[PDB]
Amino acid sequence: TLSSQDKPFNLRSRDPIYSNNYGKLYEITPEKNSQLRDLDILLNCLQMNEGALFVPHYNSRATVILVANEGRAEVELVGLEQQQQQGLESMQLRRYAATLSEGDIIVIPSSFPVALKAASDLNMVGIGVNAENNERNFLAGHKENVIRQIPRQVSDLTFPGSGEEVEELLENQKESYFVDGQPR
């Protein structure tokens, strides 16, 4: 290309960090790159196949602005947000559910579980503010799943159910970040 350089030259996207038969997730961070580093903003690319589900997870600290570049997206965003419900129950929790058409935006704030299904082949642009040291914690599947990391007698008290039972149920998910959709 341009046999002249050094500056903020363009950048695009190299090895996906999650990928399989249902989707890929590309991600560049303030860490791994020069121009974002100052912005402290990160970016990502979502590429999933119709009927595929990106299991629930959350990002420790970055707030992710998600632009639907193409296809249809079903979205499940939960959270409590307002402690202005200062006495426990008051700020009961929410399920913000919506399908995003091409053009739409949805914001994902740091600690909220989120999951999305591609109701049709999907390409999403994601811009995450406060991106330094952000870790994604998965709540289902076989990889990066945080639950599964809970000690047998821990689960025992955390859940209705038993330790044997909880390892059980969690080992029942073979895939990892993206996953076949189908209901009932």
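From 1 onward, residues are counted along the sequence shown.
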Task: 57-65 versus 29-37 - greater average Cα B-factor per the deposited record - done: 29-37
Open item on the list: Which is higher on mean Cα B factor in this entry, 107-115 or 80-88?
Closed with: 80-88
Open item on the list: Take the CA temperature factors straight from the PDB entry and tell me which of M48, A131, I127, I147 peaks.
Closed with: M48
Open item on the list: Going by the CA temperature factor in the PDB record, which third of the chain does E164 belong to: lowest, middle or highest?
Closed with: highest
Task: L42 - which third its CA temperature factor falls in, relative to the rest of the chain - done: lowest
TODO: Place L100 in the lowest, middle or highest third of its chain's C-alpha B-factors, as listed in the PDB entry.
DONE: middle
Open item on the list: Split into thirds by Cα B-factor across the chain's modelled residues, where does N123 land: lowest, middle or highest?
Closed with: highest
